[PDB]
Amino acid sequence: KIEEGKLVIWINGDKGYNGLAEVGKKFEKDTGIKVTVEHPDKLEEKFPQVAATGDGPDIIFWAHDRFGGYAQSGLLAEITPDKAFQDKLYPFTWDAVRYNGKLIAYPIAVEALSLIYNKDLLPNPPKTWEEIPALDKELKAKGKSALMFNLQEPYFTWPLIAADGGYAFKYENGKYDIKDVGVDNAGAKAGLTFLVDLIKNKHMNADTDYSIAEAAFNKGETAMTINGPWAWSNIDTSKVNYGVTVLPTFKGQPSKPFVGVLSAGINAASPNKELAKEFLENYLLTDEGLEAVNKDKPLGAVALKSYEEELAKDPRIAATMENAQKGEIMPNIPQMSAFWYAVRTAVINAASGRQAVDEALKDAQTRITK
């Protein structure tokens, strides 16, 4: 079914697949084994279909959170890196690729939101959320605003909501406790209260969405936004001299953005598991391998320490990794699907006044733990 003696790799069409193919060509030169890199449409839908019948690629690349469902269906091989190899990657990245206590993928790259700021409006960006109200008053007096970011989606508001002690699900022992949910605790209530107050006191509008925040920042109307590495290429550097830094703290605690870890899984049905391990450990997860992919399409921050130390000479990448290290690995369990919709509703209702902050989060907590 899956052909022995070659590697077929699937990766999304927004990634550096020409760079990956060059890594494959080096592997083929050293081993005589053909590597075929493909970027099919809807690969994350296709993989569980073909893998369920014992078919598909030998290696799949995707964000780690989707691999939980794949691992629940036994579609991914348990990987076997030795302890010395594991020590070459930042330890938090291995946690992202554990399911039911077992390692099911190799971490490649790390993504998280950062604070993006306009250096000509704000050469010294605020280190705390608590400073932002006063800063907004000063900037509004000069015809600008302090901060605009997407308020409609919990991915973007969670960093603040969770800073003072919120969390989705408690992680321990390579597993999550589905009964230990941090959506209606004191810290979450404090952060959502602070967000709602930003709106009540006219520092942000409740209808601000992704489009508005991006346009406002690119036009030089707002000093700051919150966004991820996918947004950098769109920032009009002709008009905006921007920096990227650590997110502000709240009550002295770091903001807690969700962390996505681009990961490489090995099909459980592959007869090429040793070749796949060799390719991933000793060709891709090297400075030269990650450089080839990154040159094609930037990976952002990477899990491999040796190469991250080079990439972090770019302060935007250094900030991405700092915010990731302080953030919350996105849980890979099925109960996380309940989290997104429950918290989305809670934030919308609190920002509109439909619900008090406490009731909004209480209702979300009840749905997530149900």
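All residue numbers are counted from 1 along the displayed sequence.
Per-stretch averaging of Cα B factors for 185-193 and 107-115 places 185-193 on top. Look at the C-alpha B-factors of 94-102 and of 266-274. On average they run higher in 94-102.
Sorting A215, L75, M224, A141 by the CA temperature factor given in the entry leaves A141 at the top. Which of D236, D287, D87, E281 has the largest Cα B-factor in the deposited entry comes down to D236. Placement of the Cα temperature factor of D55 within the chain: highest third of the modelled residues, per the deposited record. Annotation for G24: C-alpha temperature factor in the lowest third relative to the rest of the modelled chain, per the entry. Per the PDB record, residue ranking by Cα B-factor puts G32 in the highest third of the chain. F47: CA B factor in the middle third of modelled residues in this chain (values from the PDB entry).
The deposited CA B-factor of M336 belongs to the highest third of values across its chain.
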